[PDB]
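Form deposited in one PDB entry, single chain, as structure tokens, below.
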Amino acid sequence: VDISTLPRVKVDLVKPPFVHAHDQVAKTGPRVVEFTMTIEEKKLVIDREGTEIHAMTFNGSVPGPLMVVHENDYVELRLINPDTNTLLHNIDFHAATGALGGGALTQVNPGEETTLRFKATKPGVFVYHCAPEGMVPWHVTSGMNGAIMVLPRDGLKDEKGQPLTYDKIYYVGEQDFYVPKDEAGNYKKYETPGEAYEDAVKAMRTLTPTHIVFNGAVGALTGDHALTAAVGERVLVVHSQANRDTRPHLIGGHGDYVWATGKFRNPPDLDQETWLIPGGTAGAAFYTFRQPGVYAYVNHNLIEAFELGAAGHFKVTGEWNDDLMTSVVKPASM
């Protein structure tokens, strides 16, 4: 095919956990979908104590934005590494085929840009991440990862082949950080990236994260930034973890339909309490809310959730169903 004969559509990305505009069922034939991301190395405060790290980001956020296309669209990404950064970066799409997912073709030094195109031949949610030869886990675990959703052209389907249509979508990126510690257990204070590298490596080799967070920081998806829904709304939560296994769980709900390893030509698993998303994968869970109130959404290693950061909230509006749950006798002495 002469790709130049296809429609081009430019996407304007949004910051997670929100997701840019798309149509579930494709309203056109295959397109070249044009994306731009600018790499930003920046300081980020990741916990309540004020711990500040040097993060490596796509588009300024941890995770990077969710990109959305349909099966057999072409993804055309312009990747910009401004001269205000100091490191070499690239990008690997798990949705793509060839050249280390794109990484072998997208190495950009500070002051460089590149444009990669690939055909999105398989439907699903997929991780993308930076992967510079010889320093791959350092970039990934500094926050340099996101996800892309490749929808089937006729949208999502249940285990029987009937449509599933979400009303809302959110993207939860989960990040394991390995902040170097001294022997007493305090995070080291690096009076450059090179000077940090060996103890970053040492810290990673412990295999023990210091922080495991959603949307880049402890508490990021809480308070004025809680996720929201109404009773009766159908919500898709895309969840990625580029480096380490996670086990999502909606406290007070379920995953009604879950693609735990994220690939839509497979039937979803029904009625999940908790699912395993392996490190290096994106998964997706669909739920119809049935009760109002606060929900937590967690990695159900509850130490990881409530001590290390892997917990967010939904605030859900609407009527309470006492058939479905009620306090028959409220807590009392007697």
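For every residue, the number given is its place in the sequence shown, counted from 1. Rigid core here is just the name for the largest C-alpha set that superposes within 1.5 Å across the two forms.
Unshown form deposited in another entry; subsequent notes refer to it.
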Following superposition of the rigid core, which of 158, 83, 182, 154 is the only residue with a C-alpha displacement of 2 Å or more between this form and the one not shown?
182
Superposing on the rigid core, is the Cα displacement of residue 224 between this form and the one not shown 2 Å or more?
no
Is_shifted residue 113 between this form and the one not shown (CA, 2 Å cut-off, rigid core)
no
Core fit, then residue 193 C-alpha moves 2 Å or more between this form and the one not shown
yes
